[PDB]
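What follows is one structure encoded as structure tokens, with my remarks underneath.
A short reminder: the numbers here are calculations on the coordinates, not readings from a lab. Neighbour counts are summed over all protein chains in view; Cβ atoms, including those assigned to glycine, are modelled from backbone coordinates with ideal geometry.
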Amino acid sequence: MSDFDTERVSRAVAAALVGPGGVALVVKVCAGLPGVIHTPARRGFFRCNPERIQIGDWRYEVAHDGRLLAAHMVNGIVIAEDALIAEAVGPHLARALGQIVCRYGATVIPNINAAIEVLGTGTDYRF
Ligand SMILES: *SCC1=CC(C)(C)N(O)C1(C)C
Ligand SMILES: *SCC1=CC(C)(C)N(O)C1(C)C
Ligand SMILES: *SCC1=CC(C)(C)N(O)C1(C)C
């Protein structure tokens, strides 16, 4: 075959890979602390997202959307524009169970938070 794997490998990998578990260990272990971490040259994006598919990286919108820096307020659209279509992917909670820990837990968030705060500012809003 040109791509085949057993359930444990297939599902666990799919669920994990798609869900937060796979991405959790892969990105965590690969990246090493998601809160902190910034790369220069890149497709502008791809990785470090709340269970969102790596999409939305436009050609001409980079500045418009990537206005997060100055007009940091405007980016509010980036979420107010197409989100109403993703804001239905909530059931992912059950899958995104891990979303539960950081929700009903959260540790490697408050800490990096005090730095993030410094490393960026916090001058932002999130829901
Ligand atoms: S950290 C591993 C990783 C991240 C990303 C930039 C999405 N990649 O292409 C690899 C798989 C190398
Ligand atoms: S990891 C950098 C990054 C990309 C994008 C998905 C746009 N983000 O929300 C952050 C700022 C985490
Ligand atoms: S589980 C990730 C998370 C943390 C917090 C900031 C409390 N949240 O609202 C979500 C659930 C997105």
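When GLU51, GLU81 are screened for being within 16 Å of ligand 3 (Cβ to nearest atom), under 18 Å from the mean Cα position of the chain (by Cα) and among the acidic types (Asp, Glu), only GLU51 passes.
Contact annotation: residue pairs with Cβ atoms under 6 Å, 6 or more positions apart or on different chains, pairing a residue in the stretch 66-79 that is of a type outside the set (A, V, I, L, M) with a partner that is surrounded by 15 or more Cβ atoms within 10 Å (Cβ to Cβ) and part of a helix (DSSP H, G or I), are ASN75/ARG67.
Yes or no, residue by residue, for (1) surrounded by 13 or more Cβ atoms within 10 Å (Cβ to Cβ); (2) over 16 Å from the mean Cα position of the chain (by Cα); (3) among the polar types (S, T, N, Q); (4) part of a helix (DSSP H, G or I):
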{"site": "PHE45", "(1), (2), (3), (4)": "yes, no, no, no"}
{"site": "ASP57", "(1), (2), (3), (4)": "yes, no, no, no"}
{"site": "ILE77", "(1), (2), (3), (4)": "yes, yes, no, yes"}
{"site": "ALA106", "(1), (2), (3), (4)": "no, no, no, no"}
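With respect to the conditions (1) free of Cβ contacts under 8 Å to residues at least 60 places away in the same chain; (2) touching a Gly at 6+ places or on another chain (Cβ under 8 Å); (3) exposed (fewer than 13 other Cβ atoms within 10 Å of the Cβ); (4) among the small types (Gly, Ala, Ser), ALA115 lacks only one, and its number is (1).
Let's see how each residue does on (1) under 30 Å from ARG8 (Cα atoms); (2) within 16 Å of ligand 2 (Cβ to nearest atom); (3) touching a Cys at 6+ places or on another chain (Cβ under 6 Å):
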residue	(1), (2), (3)
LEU33	yes, yes, no
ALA41	no, yes, no
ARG52	yes, yes, no
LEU69	no, yes, no
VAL108	yes, yes, no
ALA114	no, no, no
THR123	no, yes, no
